[PDB]
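A.B. asks: Input file: data.cif. Contents: mmCIF, C-alpha atoms.
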```
data_coords
loop_
_atom_site.label_atom_id
_atom_site.label_comp_id
_atom_site.auth_asym_id
_atom_site.auth_seq_id
_atom_site.Cartn_x
_atom_site.Cartn_y
_atom_site.Cartn_z
CA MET A 1 82.91 59.79 46.08
CA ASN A 2 82.22 57.37 43.24
CA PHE A 3 83.57 58.10 39.77
CA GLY A 4 80.33 57.51 37.85
CA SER A 5 76.70 56.33 37.71
CA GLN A 6 77.26 52.57 38.34
CA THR A 7 80.08 50.04 38.72
CA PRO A 8 79.64 46.54 37.18
CA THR A 9 81.13 43.61 39.05
CA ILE A 10 84.35 41.92 37.92
CA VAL A 11 84.31 38.38 36.57
CA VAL A 12 87.13 36.48 38.26
CA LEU A 13 88.18 34.45 35.22
CA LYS A 14 88.64 36.09 31.83
CA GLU A 15 85.55 36.69 29.70
CA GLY A 16 84.90 33.55 27.65
CA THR A 17 86.93 31.18 29.86
CA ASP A 18 84.98 27.93 30.22
CA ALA A 19 84.95 26.25 33.64
CA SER A 20 82.75 23.75 35.46
CA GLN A 21 82.58 21.94 38.81
CA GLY A 22 81.12 18.60 39.86
CA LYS A 23 81.11 15.13 38.35
CA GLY A 24 79.74 16.32 34.99
CA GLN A 25 83.07 17.35 33.48
CA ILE A 26 84.94 14.13 34.26
CA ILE A 27 82.05 12.17 32.73
CA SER A 28 82.25 14.42 29.67
CA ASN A 29 86.00 13.78 29.48
CA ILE A 30 85.41 10.02 29.71
CA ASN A 31 82.65 10.22 27.09
CA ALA A 32 85.02 12.22 24.88
CA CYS A 33 87.58 9.40 25.02
CA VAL A 34 84.85 6.82 24.36
CA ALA A 35 83.80 8.88 21.33
CA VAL A 36 87.36 8.62 20.00
CA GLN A 37 87.40 4.96 21.08
CA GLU A 38 84.40 4.05 18.90
CA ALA A 39 86.27 5.13 15.76
CA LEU A 40 89.00 2.54 16.48
CA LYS A 41 86.64 -0.17 17.83
CA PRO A 42 85.97 -2.08 14.56
CA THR A 43 89.54 -1.50 13.34
CA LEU A 44 90.96 -3.94 15.90
CA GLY A 45 91.64 -7.43 14.54
CA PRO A 46 92.85 -9.26 11.47
CA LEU A 47 89.38 -8.87 10.26
CA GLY A 48 89.05 -5.06 10.84
CA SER A 49 88.45 -2.14 8.50
CA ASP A 50 90.64 0.78 7.49
CA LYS B 1 83.99 -23.47 -27.19
CA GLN B 2 86.86 -22.88 -24.75
CA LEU B 3 85.52 -25.60 -22.44
CA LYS B 4 85.51 -28.04 -25.37
CA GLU B 5 88.77 -27.15 -27.16
CA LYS B 6 92.06 -26.52 -25.36
CA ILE B 7 93.28 -23.86 -27.83
CA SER B 8 93.16 -20.56 -25.91
CA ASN B 9 93.60 -17.82 -28.56
CA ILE B 10 89.93 -17.23 -29.51
CA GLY B 11 88.29 -13.99 -28.36
CA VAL B 12 85.84 -11.26 -29.32
CA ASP B 13 86.21 -10.12 -32.94
CA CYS B 14 85.25 -6.43 -32.88
CA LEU B 15 86.05 -5.43 -36.48
CA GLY B 16 83.42 -7.86 -37.83
CA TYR B 17 85.59 -10.53 -39.43
CA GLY B 18 84.11 -13.91 -40.27
CA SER B 19 86.61 -15.91 -38.17
CA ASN B 20 87.25 -15.42 -34.44
CA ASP B 21 90.63 -17.22 -34.43
CA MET B 22 93.25 -14.58 -33.61
CA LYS B 23 96.15 -16.41 -35.29
CA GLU B 24 95.09 -14.84 -38.60
CA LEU B 25 93.97 -11.41 -37.30
CA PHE B 26 97.47 -10.22 -36.24
CA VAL B 27 96.82 -9.27 -32.59
CA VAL B 28 99.41 -9.78 -29.83
CA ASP B 29 99.69 -8.34 -26.27
CA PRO B 30 102.42 -8.60 -23.59
CA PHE B 31 102.18 -10.80 -20.51
CA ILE B 32 103.46 -8.10 -18.14
CA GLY B 33 100.75 -5.73 -19.40
CA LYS B 34 97.79 -8.08 -19.03
CA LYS B 35 99.08 -9.31 -15.65
CA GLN B 36 99.16 -5.81 -14.12
CA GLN B 37 95.45 -5.31 -14.91
CA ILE B 38 94.57 -8.08 -12.43
CA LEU B 39 97.27 -7.30 -9.85
CA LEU B 40 96.71 -3.55 -9.53
CA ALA B 41 92.93 -4.10 -9.60
CA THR B 42 92.73 -6.83 -6.96
CA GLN B 43 95.28 -5.06 -4.73
CA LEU B 44 93.43 -1.73 -4.92
CA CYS B 45 89.98 -3.20 -4.19
CA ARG B 46 91.33 -4.70 -0.96
CA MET B 47 92.06 -1.13 0.13
CA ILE B 48 88.68 0.11 -1.13
CA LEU B 49 86.80 -2.58 0.82
CA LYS B 50 88.61 -2.05 4.10
CA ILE B 51 87.45 1.58 4.43
CA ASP B 52 84.67 1.97 7.03
CA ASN B 53 85.04 5.55 8.34
CA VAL B 54 85.04 8.23 5.61
CA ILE B 55 85.78 11.79 6.76
CA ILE B 56 85.93 14.53 4.10
CA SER B 57 86.93 18.01 5.24
CA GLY B 58 85.10 20.57 3.13
CA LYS B 59 87.34 23.12 1.46
#
```
Would it be possible to restate this file's structure as structure tokens?
C.D. replies:
Amino acid sequence: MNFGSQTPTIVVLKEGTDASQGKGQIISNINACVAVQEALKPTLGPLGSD
Amino acid sequence: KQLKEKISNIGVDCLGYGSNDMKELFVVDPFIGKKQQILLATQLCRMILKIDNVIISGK
């Protein structure tokens, strides 16, 4: 009845598509913005650096 | 010497003459040329000092 020896299961998303649940991703997104924020932290002020 | 006397045309004699007074040595420079040495230097170094983050993308 079957076409061959075995039949591997289908991944729902495409192979290599990154996905994650829970509170870890939104913390990573916030930490990503804070990482960009730290570059512009000492630039603020009339006594900042280029 | 320059603190004592007010005459301000005495400098470094490089050719080895016996007198350092430049009235006799025939040397003259422009004011716009000597001014730009200080202006372009002091205005650049403000930019050099402000740099904090230095990112260099390797070719």
A.B. asks: List every residue of chain B that has an atom at most 8 Å from any atom of chain A, giving for each one its closest atom pair and the distance in Å to one decimal, counting only C-alpha atoms, sorted by chain and then by ascending residue number, as CSV.
C.D. replies:
```
residue,atom,partner,partner_atom,distance
B:47,CA,A:50,CA,7.7
B:49,CA,A:49,CA,7.9
B:50,CA,A:49,CA,4.4
B:51,CA,A:50,CA,4.5
B:52,CA,A:49,CA,5.8
B:53,CA,A:50,CA,7.4
```
A.B. asks: So how far away is CA of residue 34 in chain A from CA of residue 46 in chain A, in Å?
C.D. replies: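 Atom-to-atom, CA of residue 46 in chain A and CA of residue 34 in chain A are spaced 22.1 Å apart.
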A.B. asks: Quick one: distance from CA of residue 27 in chain A to CA of residue 13 in chain A in Å, one decimal?
C.D. replies: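 Computing it gives 23.2 Å between the two atoms.
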A.B. asks: Between CA of residue 12 in chain A and CA of residue 25 in chain A, what is the distance, to one decimal in Å?
C.D. replies: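 Value for the CA of residue 12 in chain A-CA of residue 25 in chain A distance: 20.1 Å.
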A.B. asks: Take the PyMOL selection byres ((chain B and resi 21) around 12), apply it to the structure above, and return the hits as a list in words.
C.D. replies: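 Evaluating the PyMOL selection byres ((chain B and resi 21) around 12) on this file yields residues 1, 2, 7, 8, 9, 10, 11, 12, 13, 17, 18, 19, 20, 22, 23, 24, 25, 26 and 27 of chain B.
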A.B. asks: Please dump the current selection as a compact mmCIF listing (two decimals), in the coordinates of the input; keep C-alpha atoms.
C.D. replies:
```
# COMPACT_ATOMS: atom_id res chain seq x y z
CA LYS B 1 83.99 -23.47 -27.19
CA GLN B 2 86.86 -22.88 -24.75
CA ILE B 7 93.28 -23.86 -27.83
CA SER B 8 93.16 -20.56 -25.91
CA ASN B 9 93.60 -17.82 -28.56
CA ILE B 10 89.93 -17.23 -29.51
CA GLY B 11 88.29 -13.99 -28.36
CA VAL B 12 85.84 -11.26 -29.32
CA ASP B 13 86.21 -10.12 -32.94
CA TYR B 17 85.59 -10.53 -39.43
CA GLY B 18 84.11 -13.91 -40.27
CA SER B 19 86.61 -15.91 -38.17
CA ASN B 20 87.25 -15.42 -34.44
CA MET B 22 93.25 -14.58 -33.61
CA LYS B 23 96.15 -16.41 -35.29
CA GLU B 24 95.09 -14.84 -38.60
CA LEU B 25 93.97 -11.41 -37.30
CA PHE B 26 97.47 -10.22 -36.24
CA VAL B 27 96.82 -9.27 -32.59
```
A.B. asks: Please reconstruct the missing atoms of range 12-27 of chain A (target: N, CA and C atoms) and return them as a tab-separated table (two decimals), in the coordinates of the input.
C.D. replies:
```tsv
chain	number	residue	atom	x	y	z
A	12	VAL	N	85.83	36.90	37.76
A	12	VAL	CA	87.13	36.48	38.26
A	12	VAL	C	87.99	35.94	37.13
A	13	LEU	N	87.50	34.94	36.41
A	13	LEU	CA	88.18	34.45	35.22
A	13	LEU	C	87.96	35.42	34.06
A	14	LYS	N	88.77	35.26	33.02
A	14	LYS	CA	88.64	36.09	31.83
A	14	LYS	C	87.31	35.81	31.13
A	15	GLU	N	86.81	36.82	30.42
A	15	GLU	CA	85.55	36.69	29.70
A	15	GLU	C	85.70	35.67	28.58
A	16	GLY	N	84.85	34.64	28.60
A	16	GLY	CA	84.90	33.55	27.65
A	16	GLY	C	85.66	32.32	28.12
A	17	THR	N	86.22	32.33	29.33
A	17	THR	CA	86.93	31.18	29.86
A	17	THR	C	85.92	30.18	30.40
A	18	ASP	N	85.92	28.97	29.84
A	18	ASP	CA	84.98	27.93	30.22
A	18	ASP	C	85.50	27.20	31.46
A	19	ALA	N	84.61	26.96	32.42
A	19	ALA	CA	84.95	26.25	33.64
A	19	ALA	C	83.70	25.60	34.20
A	20	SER	N	83.87	24.48	34.90
A	20	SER	CA	82.75	23.75	35.46
A	20	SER	C	83.23	22.90	36.63
A	21	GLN	N	82.35	22.74	37.62
A	21	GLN	CA	82.58	21.94	38.81
A	21	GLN	C	81.70	20.68	38.76
A	22	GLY	N	81.94	19.78	39.71
A	22	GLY	CA	81.12	18.60	39.86
A	22	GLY	C	81.60	17.43	39.02
A	23	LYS	N	80.80	16.36	39.06
A	23	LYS	CA	81.11	15.13	38.35
A	23	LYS	C	80.72	15.16	36.88
A	24	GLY	N	80.16	16.27	36.38
A	24	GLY	CA	79.74	16.32	34.99
A	24	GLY	C	80.89	16.43	34.01
A	25	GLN	N	81.96	17.13	34.40
A	25	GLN	CA	83.07	17.35	33.48
A	25	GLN	C	83.89	16.09	33.28
A	26	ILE	N	84.17	15.36	34.37
A	26	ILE	CA	84.94	14.13	34.26
A	26	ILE	C	84.17	13.05	33.50
A	27	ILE	N	82.84	13.07	33.55
A	27	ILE	CA	82.05	12.17	32.73
A	27	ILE	C	82.11	12.60	31.27
```
